[PDB]
Amino acid sequence: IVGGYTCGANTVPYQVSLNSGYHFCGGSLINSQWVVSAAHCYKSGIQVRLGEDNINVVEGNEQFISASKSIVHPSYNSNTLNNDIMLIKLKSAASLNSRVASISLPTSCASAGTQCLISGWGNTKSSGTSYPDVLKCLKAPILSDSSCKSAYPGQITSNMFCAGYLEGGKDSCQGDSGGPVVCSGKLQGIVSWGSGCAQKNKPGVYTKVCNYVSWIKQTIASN
Ligand SMILES: NC(=O)c1cccc(N)c1
Ligand SMILES: [Ca+2]
């Protein structure tokens, strides 16, 4: 997260870290058994880390649970990142508490201008590299579809939206991928891609979760 702030420990209790020997992506807990992330975060051997604040220090509220299965969206296109969404099932159910909690799925899509909370452990610099140990947060509005498509002509599908600031300076970045965009208490986005981070006229692009609710619910119910 570039241009954000330190969230505070366990203030985003649905945020998870995906770990394969190291943190590599975020995700969101949607029930005690299932996490949503980005398809481009797929790999085998994922351990889901819940209850984290400093990802390099055991602070006492963590749960570390191996994934038993991962399900990439059937229409995911790795060349264009269309349908950049996957589901991860936990080998054992998370123990839900105030610091490990699920986030509700949308009942409809969110409007442009709605303010959202984006979070992650990704890079905090817009040129160069610095990774935080603690979770970072950014408040940012959903941008109009026209401003999104203007910024990325030929690359935005109906399964993507932009959020952030056309002036630059505040954005998600490498290492935030797969993590949440929450608006009005619902998981509306997944950190997906962008041209650099926090650059002018290049807002972050997010997977449009509201298009996938039926797929999520049916997939979970059958797996
Ligand atoms: N360009 C990047 O490193 C990146 C990755 C994920 C999200 C965003 N906004 C940017
Ligand atoms: Ca920790």
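Counting starts at 1 for both ligands and their atoms, following the listed order. FYI, the numbering just counts along the sequence from 1.
For ligand 1, the polar-atom distance check finds an N/O of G196 within less than 3.5 Å of one of the ligand's N/O atoms. Remark: ligand 1 and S172 share an N or O pair separated by less than 3.5 Å (distance only, no angle test).
Between the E52 side chain and the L50 main chain, no donor and acceptor come within less than 3.5 Å of each other.
Contact annotation for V191 and ligand 1: only side-chain heavy atoms (C-beta onward) come within less than 4.0 Å of the ligand. Only side-chain heavy atoms of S177 come within less than 4.0 Å of ligand 1; its backbone N, CA, C and O stay farther off.
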Show every donor-acceptor pair shorter than 3.5 Å between a side-chain atom in residues 70-78 and any protein atom, with sequence neighbours excluded, or say none if there are none.
unit_1, atom_1, unit_2, atom_2, d
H73, ND1, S75, N, 3.0
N77, OD1, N79, N, 2.8
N77, OD1, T80, N, 3.2

Taking distance alone, no hydrogens or angles, what donor-acceptor pairs closer than 3.5 Å link side-chain atoms of residues 178-189 to residues at least two apart or in another chain?
unit_1, atom_1, unit_2, atom_2, d
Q188, NE2, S108, O, 3.1

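Between O of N54 and O of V57, the angle at the Ca ion (ligand 2) works out to 80°, rounded to 10 degrees. The Ca ion (ligand 2) lies at the vertex of an angle of 100° between the OE2 atom of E62 and the OE1 atom of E52 (rounded to 10°).
A donor and an acceptor atom, one from each side chain of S172 and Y206, are located under 3.5 Å apart. If you check the side chains of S111 and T114, you find no donor sitting under 3.5 Å from an acceptor. Side-chain polar atoms of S119 and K136 form no donor-acceptor pair below 3.5 angstrom. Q218 and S214 are linked by a side-chain donor-acceptor pair at a separation below 3.5 angstrom, with hydrogens and angles left out of the test.
Numbered from 1 in the order shown, with element, the atoms of ligand 1 that lie under 4.0 Å from a heavy atom of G194 read 1 (N), 8 (C), 10 (C). Which parts of ligand 1 touch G204 is read off a 4.0 Å heavy-atom cut-off, strictly below it: atoms 9 (N).
Heavy atoms of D171 come nearer than 4.0 angstrom to ligand 1 in at least one pair.
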